[PDB]
């Protein structure tokens, strides 16, 4: 329920950074890490994108759960 979503902007900036980087998400790892600081300001239920984002933290278990 996106009443307001502080992090939706930053989730946009992942995509926008991508366009600024010709979809090299390798560069946009910084801006994913920005969504992080945004997301972790709150409980995930406050935001749709941050609800994707605390699940990004699960997805990271591929790379390593602790490698950042």
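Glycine residues also receive a Cβ, built from the backbone N, Cα and C atoms like all the rest.
In sequence order, 6, 7, 10, 50 make up the list of same-chain residues 6 or more apart from residue 38 (disulfide bond) whose Cβ falls under 8 Å from its Cβ. The annotation disulfide bond is assigned in Swiss-Prot to 7-38 (among others).
Within the same chain, the residues at least 6 positions away from residue 28 (disulfide bond) whose Cβ sits under 8 Å from its Cβ are 14, 17, 18, 21, listed in sequence order. In the three-state DSSP classification, residue 28 (disulfide bond) falls within coil. What Swiss-Prot lists as disulfide bond is 17-28 (among others), and the listing cites experimental evidence.
Swiss-Prot lists 39-50 (among others) with the feature disulfide bond. Mapped onto three states, the DSSP output places residue 39 (disulfide bond) in helix. Listed in sequence order, the residues of the same chain lying 6 or more apart from residue 39 (disulfide bond) and placing their CB within less than 8 Å of its CB are 7, 47, 49, 50, 53, 54.
Swiss-Prot lists 4-46 with the feature domain 'CHCH', giving sequence analysis as the kind of evidence.
The motif 'Cx9C motif 1' annotation in Swiss-Prot covers 7-17. Sequence-distant neighbours of the motif 'Cx9C motif 1' (7-17) (same chain, 6+ residues past either end, Cβ-Cβ under 8 Å): 25, 27-28, 30-32, 34-35, 38-39, 42, 47-50, 52-53.
According to Swiss-Prot, the motif 'Cx9C motif 2' annotation covers 28-38, on the basis of sequence analysis.
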Counting other Cβ atoms within 10 Å, pick out the least crowded of the disulfide-bonded residues 7, 17, 50. 17
